[PDB]
Amino acid sequence: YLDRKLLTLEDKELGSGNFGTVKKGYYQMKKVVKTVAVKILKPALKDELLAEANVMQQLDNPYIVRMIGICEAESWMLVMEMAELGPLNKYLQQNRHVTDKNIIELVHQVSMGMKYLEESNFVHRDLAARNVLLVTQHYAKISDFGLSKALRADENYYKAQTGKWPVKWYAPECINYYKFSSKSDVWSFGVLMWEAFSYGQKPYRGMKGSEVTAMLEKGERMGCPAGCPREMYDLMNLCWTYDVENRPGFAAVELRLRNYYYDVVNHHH
Ligand SMILES: NC(=O)c1nnc(N[C@@H]2CCCC[C@@H]2N)nc1Nc1cccc2cc[nH]c12
């Protein structure tokens with residue numbers, strides 16, 4: 001629980017979602033001042049922000065955005081460390097000169113964060129390029145844990161009972177059975193990779209969610225982005241394995257990405 005007197009907010013909205021807005025601020029730490037990004041709420045939204053805060057409090061990894069704390073003032077606020085370069089999709093739309101090697105570096109970082117989330121038995125449920133935040137052009141972190149869930153000790157998936165879902169990033173078992181696991185987040189990671197190598201283009205352009213479900217059920221998949229290495233398109237296709245049981249987990253994905261990244265680092269030198 002943070003002290004509102006130690007928080008200074010800038011009026012400009014950096015971005016927004018259903019929850020409310022994201023604003024820049026400054027928080028007075030024990031000695032240094034820390035630049036922060038603050039989610040400010042516009043019943044359900046409050047409980048959802050507190051649950052998001054409860055998830056973030058449990059996470060500690062270099063590739064996951066750190067929560068500083070929460071504050072109840074003019075509205076409920078979730079204060080995070082600031083990722084100065086903002087969302088990855090917007091960044092790549094604006095910086096088309098970012099190299100294939102640099103994209104591999106960033107998505108590999110996302111895979112390391114996801115490997116940690118999987119080991120931690122949390123499901124993200126909103127893994128998309130808009131939710132990867134850049135600290136620098138060479139350092140990505142995962143944010144936006146509003147749909148995330150801590151798996152029960154006796155289950156490897158979360159069963160949704162009820163909603164407004166990011167359907168183009170969801171695996172077939174999410175749509176068909178409402179079952180969310182770390183393997184479902186792997187499918188989303190495949191879509192995130194496609195977005196990254198497409199420089200922030202939207203996936204399944206011009207298609208309704210129902211048309212996407214129909215396409216995937218026919219065994220069809222999005223094509224290879226221009227300039228995307230064959231090895232990376234191969235990995236996207238493996239993430240898009242229909243049967244959740246034969247789809248790789250994040251330890252297998254991160255290892256494949258790590259090895260290819262070292263190969264490219266070797267080709268560069
Ligand atoms: N820690 C953070 O910086 C941070 N964390 N989460 C989120 N969530 C957003 C929700 C709304 C949609 C985008 C995101 N998914 N936005 C953060 N910053 C941020 C937003 C927007 C612009 C900029 C420029 C620098 N930073 C920006």
Side-chain angles (χ1 to χ4, degrees), residues 2 7-10 14-17 19-27 29 32-41 44-46 48-65 67-71 75-89 91-95 98 106-107 109-110 112-114 116-117 122-148 163 165-170 185 188-189 191-193 195-196 199-201 203:
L2 306 179
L7 176 68
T8 305
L9 293 172
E10 277 183 0
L14 297 185
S16 63
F19 67 88
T21 64
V22 178
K23 294 195 184 190
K24 180 172 186 167
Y26 306 91
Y27 196 76
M29 304 294 253
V32 302
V33 152
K34 195 170 170 77
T35 307
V36 292
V38 183
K39 276 191 183 180
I40 307 163
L41 287 191
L45 287 178
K46 171 196 168 277
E48 280 156 17
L49 195 76
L50 293 172
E52 181 171 350
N54 187 68
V55 168
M56 295 188 81
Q57 189 192 311
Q58 300 187 69
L59 309 178
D60 173 24
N61 179 271
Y63 306 105
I64 298 178
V65 166
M67 173 175 83
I68 307 304
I70 55 182
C71 190
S75 191
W76 269 101
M77 300 174 273
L78 193 156
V79 181
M80 293 169 286
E81 63 184 346
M82 165 64 74
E84 297 279 5
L85 276 58
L88 176 68
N89 61 328
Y91 187 85
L92 295 170
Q93 285 162 14
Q94 293 296 315
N95 294 278
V98 171
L106 296 173
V107 303
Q109 290 166 348
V110 172
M112 290 188 283
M114 290 308 299
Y116 167 85
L117 205 66
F122 284 88
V123 293
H124 189 283
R125 300 184 64 232
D126 201 1
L127 183 61
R130 57 177 177 281
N131 295 339
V132 175
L133 273 290
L134 295 181
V135 172
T136 71
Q137 192 189 322
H138 301 282
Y139 187 7
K141 289 188 183 210
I142 301 160
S143 199
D144 301 289
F145 287 90
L147 294 174
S148 307
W165 285 349
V167 164
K168 288 176 177 172
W169 283 265
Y170 281 357
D185 286 329
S188 308
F189 181 72
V191 184
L192 185 160
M193 287 179 74
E195 296 180 275
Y199 293 84
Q201 282 285 329

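Counting begins at 1 with the first residue of the sequence. Note that ligands are numbered from 1 as they come in the structure, with each ligand's atoms numbered from 1 the same way. Below, each value reflects all heavy atoms present in this structure, side chains not excepted, and no hydrogens, waters or symmetry copies.
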### Task
Can you sort out which atoms of ligand 1 are near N131, meaning under 4.0 Å from one of its heavy atoms?
15 (N)
#### Entry: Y139 side chain to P62 backbone, donor-acceptor under 3.5 Å
yes
### Message
One residue to check: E84. Relative to ligand 1, which of side chain, backbone, both or neither has a non-hydrogen atom less than 4.0 Å away?
### Response
backbone
#### Entry: Interfacing atoms of ligand 1 (cut-off 4.0 Å, heavy-atom, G86)
23 (C), 24 (C), 25 (C), 26 (N), 27 (C)
### Task
For ligand 1, note which part of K24 has a heavy atom under 4.0 Å away: side chain, backbone, both or neither.
neither
### Task
Could you list which atoms of ligand 1 come closer than 4.0 Å to a heavy atom of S143?
5 (N), 6 (N)
#### Entry: Expected output: side-chain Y27 to main-chain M80 donor-acceptor under 3.5 Å
no
## Note on the structure
So CD of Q58 and CZ of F122: to nearest 0.5 Å the spacing works out to 4.0 Å
### Task
Could you tell me which residues satisfy side-chain contact (heavy atoms from CB on, under 4.5 Å) with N131, sequence neighbours excluded, listed by chain and number?
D126, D144
### Task
Output the list of atoms in ligand 1 that are nearer than 4.0 Å to some heavy atom of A83, sorted by atom number.
1 (N), 2 (C), 3 (O), 25 (C), 26 (N)
### Message
With rounding to the nearest 0.5 angstrom, report the CG to CG distance, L127 to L147.
### Response
11.5 Å
### Task
Pick, from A37, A129, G146, the option with the minimum heavy-atom distance to atom 2 (C) of ligand 1.
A37
### Query
Relative to atom 12 (C) of ligand 1, which among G15, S16, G20 owns the nearest non-hydrogen atom?
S16
#### Entry: Approximate separation, where rounding is to 0.5 Å, of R130 CZ and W169 CH2
4.5 Å
### Residue that, paired with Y91, satisfies side-chain contact (heavy atoms from CB on, under 4.5 Å) out of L133, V98, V132
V98
### Message
Just to be sure I read this right, does ligand 1 sit under 4.0 Å from the backbone of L14, its side chain, both, or neither, counting only heavy atoms?
### Response
both
### Query
Which bit of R130 is near ligand 1, meaning a heavy atom under 4.0 Å away: side chain, backbone, both or neither?
backbone
### Query
So how far is it from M77 CE to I68 CD1, rounded to the nearest 0.5 Å?
14.0 Å
### Task
Have a look at ligand 1 and work out which part of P87, if any, has a heavy atom under 4.0 Å from it: side chain, backbone, both or neither.
side chain
## Note on the structure
Under 4.0 Å from one or more heavy atoms of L133, ligand 1 contributes atoms 4 (C), 5 (N), 16 (N), 17 (C), 18 (N), 19 (C)
### Message
Only heavy atoms of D144, strictly under 4.0 Å: list the atoms of ligand 1 that pass.
### Response
6 (N), 7 (C), 8 (N), 9 (C), 10 (C), 14 (C), 15 (N)
### Message
Can you tell me how far apart OH (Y199) and CG (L88) are? Round to the nearest 0.5 Å.
### Response
11.0 Å
### Query
Considering distance alone, does some N or O of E81 sit under 3.5 Å from an N or O of ligand 1?
yes
